[PDB]
Amino acid sequence: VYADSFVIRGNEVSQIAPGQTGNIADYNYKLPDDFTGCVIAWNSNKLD
Amino acid sequence: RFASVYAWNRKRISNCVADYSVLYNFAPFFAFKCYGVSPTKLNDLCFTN
């Protein structure tokens, strides 16, 4: 089990997916198609 | 100035060398969706029109 964690902007959560293209999925975090994990993403306001 | 969508601007491209390096140096690009090709493999194909 690999837990990866970061913060991204609000209209960027759709890019965290297998097989996508964008300014955050090009060369920051590329999720492969052999993806058996689970992406959890929640709103983080006031703490961050 | 860009024309509105009811009378949209059309242009045919004549023969040239097509560096797609430019066209990448523009914007954060809210949508960049190729359909019959892929943008990572755009500089090797040679389309007619």
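Here are some notes:
- If you go through the stretch B:1-45 and pick out every residue that is within 14 Å of chain A (Cβ to nearest Cβ) and assigned to a loop (DSSP other than H, G, I, E, B), you end up with 15.
- Any hit, the stretch A:29-45, residues being within 14 Å of chain B (Cβ to nearest Cβ) and either in contact (Cβ under 8 Å) with a residue 40 or more places away in the chain or outside any loop (DSSP other than H, G, I, E, B) (or both): no
- The residue list B:7, B:31, B:18, B:27 contains one member that is small (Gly, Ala, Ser) and surrounded by 10 or more Cβ atoms within 10 Å (Cβ to Cβ), which is B:18.
- Whichever residue in the stretch A:9-40 is hydrophobic (A, V, I, L, M, F, W, C) and surrounded by fewer than 11 Cβ atoms within 10 Å (Cβ to Cβ) and, among such residues, is farthest from residue B:37 (Cα to Cα): A:40
Because the Cβ atoms are built from the backbone with ideal geometry, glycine has one as well, and the counts that use them run over all protein chains shown. Just so you know, all these numbers are worked out from the coordinates, no wet-lab data involved.
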